[PDB]
Ligand SMILES: CC(=O)[C@H]1CC[C@H]2[C@@H]3CCC4=CC(=O)CC[C@]4(C)[C@H]3CC[C@]12C
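Residue numbers (the authors' numbering): 53 to 224, 234 to 419, 428 to 466, 470 to 494.
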């Protein structure tokens with residue numbers, strides 16, 4: 053009838069913004085209002101920082117050794133501290149990410165030239181580009197578009213997406238097809254991991270994978286220290302969490318610029334004044350591109366990639382609203398609600414980047438469980454989007473459907489778009 057994110061958004065008007073669903077022994081709360089969600093993420097962030105141990109996830113994360121589906125704990129804090137710093141170093145700390153992402157936007161731009169004068173479907177092409185970026189950032193891969201090993205990775209990532217899309221988080234088989242995908246994935250990375258452990262300079266540099274292995278190098282004894290399996294799982298997750306979210310956010314951006322050609326022209330003016338028409342845009346231009354940033358913020362608001370977050374589990378007996386919340390309780394954060402709440406947003410259903418130009430905006434979550442790839446994401450999307458807008462104009466050749477479909481993320485239905493440069 054109606055997807056859960058809209059259903060509970062819709063019920064929040066008449067009945068409350070906190071809803072309790074029952075199934076089996078576990079209570080499941082759904083939270084559709086900013087104060088409540090802030091209570092879960094920030095205010096009692098630590099209490100609700102647990103994750104649920106499903107069987108798909110176990111396969112995925114070799115038993116909860118990743119970041120996303122592991123419980124808050126001494127081991128998980130060191131692990132994430134290790135991760136967070138790794139990313140910071142590659143993005144803010146220097147220009148390895150900038151370079152990776154610029155040089156990839158080249159390839160992407162080049163691929164698009166050749167697609168003129170078609171009414172191409174991009175999505176594959178972008179998928180490729182963001183996947184390549186993450187291959188680069190994690191292994192120092194040097195694949196070009198045609199490369200078969202890159203093609204392997206997209207194919208096992210793709211299989212995992214397809215598999216999960218049909219089936220379970222079981223919030224609210235064929236589980237063998239995942240194991241298969243997972244195995245080829247686990248092996249290929251491990252190989253890369255072996256290749257990396259052999260050539261390893263701690264001072265620096267040269268890779269997210271290096272950076273974890275160093276961190277794991279410094280690994281006194283069991284209790285709260287990361288094994289090597291977490292390194293591998295964290296590398297796998299950089300794709301798992303990073304590709305489909307980033308590619309989709311790009312797919313929406315473009316989808317919306319088709320509906321708003323004027324706005325696409327306005328951002329293109331911004332780029333022309335501020336950046337050359339030759340120079341590639343780089344991170345230092347960010348402050349000087351206020352509209353673009355607005356556009357990006359708006360896309361992330363209006364079509365949240367995960368309109369319901371992965372559950373937050375109640376680590377101890379706690380409370381929410383003024384209501385007690387037993388240990389083990391699952392809490393679904395309704396990202397669509399808080400991003401479409403008319404109490405907090407004027408014309409929340411209209412695409413208006415100007416609303417970010419002049428509070429309950431949490432595109433990356435927040436609190437202990439906040440996105441660990443936020444800095445990387447933001448840089449990815451800035452760099453990617455400035456370049457194609459600088460080099461290309463995207464028009465309709470009937471306009472794409474902006475409702476959205478739920479794969480493993482919320483995403484627009486496949487569309488054709490005319491791609492035209494200068
Ligand atoms: C909540 C969020 O936006 C991110 C954080 C972790 C991410 C998940 C991590 C596991 C995963 C692996 C994949 O290969 C596909 C997408 C999924 C299913 C990811 C969907 C987006 C998630 C759920």
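Virtual Cβ for every residue (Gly too), placed ideally from N, Cα, C.
Between the beta-carbon of residue 466 and that of residue 171 there is about 4 Å, and that keeps the pair under the 8 Å contact cut. Boundaries of the beta strand (DSSP E) around residue 72: 70-75. Spatial neighbours of residue 74 in its own chain (CB-CB distance under 8 Å, excluding positions within 5 residues in sequence) are listed in chain order as 80. Under the 8 Å Cβ criterion, the stretch 81-96 does not count as touching the stretch 193-207, having fewer than three qualifying pairs. Pairing residue 269 with residue 366 gives a Cβ-Cβ distance that is not under 8 Å. Around residue 104, the same chain offers 372, 374, 391 as residues with beta carbons nearer than 7 Å, after the five sequence neighbours per side are excluded.
Residue 85 counts as buried, since no fewer than 16 other beta carbons sit within 10 angstroms of its beta carbon. Not one heavy atom of ligand 1 is found less than 7 Å from the C-beta of residue 244. Per the CB criterion, closer than 7 Å to any heavy atom of ligand 1, the qualifying residues run in chain order as 112, 120, 209, 212, 213, 216, 298, 300, 301, 302, 305, 306, 366, 367, 370, 371, 480, 481.
Under the three-state reduction of DSSP, residue 196 is assigned to coil, being neither helix nor strand.
For residue 493, there is no enclosing alpha helix (DSSP H); the enclosing beta strand (DSSP E) covers residues 490-493. Of the other Cβ atoms in all chains shown, 16 or more fall within 10 Å of the Cβ of residue 82; this residue is therefore buried.
A distance below 7 Å between beta-carbons, with the five flanking residues on each side excluded, links residue 328 to the following residues of its chain, in chain order: 352, 353, 356, 458. Residue 478 holds the alpha-carbon nearest to the alpha-carbon of residue 216 among 277, 478, 148.
Membership of residue 392 in any alpha helix (DSSP H) is not indicated; the residue belongs instead to the beta strand (DSSP E) covering 391-394. Here DSSP, grouped into helix, strand and coil, assigns residue 371 to coil. Per DSSP, the continuous alpha helix (DSSP H) segment holding residue 451 begins and ends at 443-460. Take the alpha-carbon of residue 125 and the one of residue 117: they are about 12 Å apart. Looking at the DSSP output, residue 102 sits in a beta bridge with 374.
With respect to residue 191, residue 258 sits apart: the two C-beta atoms are not nearer than 8 Å. In this structure, DSSP gives residue 159 a helical state, which the three-state scheme calls helix.
Between the stretch 156-168 and the stretch 291-302 there are fewer than three inter-stretch CB-CB distances shorter than 8 Å, so the stretches are not counted as touching.
When the five nearest sequence neighbours on each side are left out, the beta carbons in the same chain lying within less than 7 Å of the beta carbon of residue 476 are those of 364, 482, 483, 484, in order along the chain.
Between residue 224 and residue 55, the alpha-carbon positions lie close to 11 Å from each other. Between the C-alpha atoms of residue 141 and residue 64 there is a straight-line separation of about 42 Å. Secondary structure at residue 483: strand, using DSSP grouped into helix, strand and coil. A direct Cα-to-Cα measurement between residue 474 and residue 316 gives close to 7 Å. Sequence-distant Cβ neighbours of residue 69 in its own chain, meaning closer than 8 Å and more than five residues away, are 83, 84, 85, 88, 398. Judged by DSSP secondary structure, residue 78 falls within the beta strand (DSSP E) whose first and last residues are 78-83. Counting only residues of its own chain and dropping the five nearest sequence neighbours on each side, residue 380 has a CB closer than 6 Å to the CB of 386.
Residue 463 sits in a strand when the DSSP states are folded into three classes. The distance from the Cβ of residue 413 to that of residue 331 is about 16 Å, inconsistent with a contact at the 8 Å cut-off.
Annotation for residue 379: the continuous beta strand (DSSP E) segment containing it runs 379-381. Judged by their CB atoms, residue 122 and residue 113 are nearer to each other than the 8 Å cut-off.
One alpha carbon belongs to residue 456, the other to residue 288, and they sit about 40 Å apart. Annotated three-state conformation of residue 218 is helix, per DSSP.
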